[PDB]
């Protein structure tokens, strides 16, 4: 019937990609990548950013259907594109060690830059590191990581929110005064700290729970979320600054966040700027 009806995903029974209508409204063939040139990039070849991606594509909705989601490609690749041009490298990990799952329906197919960057890291996205291995060997006081990046997309709502491994990564980042970068639903991962109040008083921007309750009306999702990461984040001490979305980014000490799928470019510029200043002395 309607272009607003969820689109069946052939690989999983009772699973759906966003409706044709929502895709035309919420995705585009090109990204708005801009100002990604850095005249004095980091050239030390040491500092890297740890990327923690979603290893699951199917998210259970309140009505039993699966939302065929995963990490948002634009939210993931724009920040990475800027950091790449800034001279930084990446290690990609998932909780299980299984492939990072992208919402391919949001990939800007006509964007040469974004597609070129994915291809650059495709072997890592497809065969990522298992977070437990990273925790056991690449963190600590002498880590080569200058920060951690947790991309958005509803895929970040699975596993990451209550993973004891993610908790360890976040505590490490805070303990070693490392950058924590995330946007949209990515901050849901912060809930991994459980009852630990290490994020008390922090200000961030994140996708509004209010909007998650509305997007299903046009078939962006085949149902509604079974919980609210925003209210949960507020429960552990976070202050959510944005009522709506406009690509706004915020920096609270070393916590850098973006508000939605509109903040990829701005977050990339902010992170690149922040990390570059950090490496210079």
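Residue numbers count along the first chain shown, from 1.
Of the two segments, 162-170 and 74-82, the one listed with the higher mean B-factor is 162-170 (C-alpha atoms only).
Look at the mean CA B-factor for 40-48 and for 234-242 in the entry; the higher one is 40-48. Remark: residue 102 belongs to the lowest third of its chain, ranked by C-alpha B-factor as recorded. The entry lists a Cα temperature factor for residue 140 that places it in the highest third of the chain's modelled residues. In the deposited entry, the Cα temperature factor of residue 199 sits in the top third of values across the chain's modelled residues. The PDB entry assigns residue 25 a C-alpha temperature factor belonging to the highest third of its chain's modelled residues. The deposited CA B-factor of residue 133 belongs to the highest third of values across its chain.
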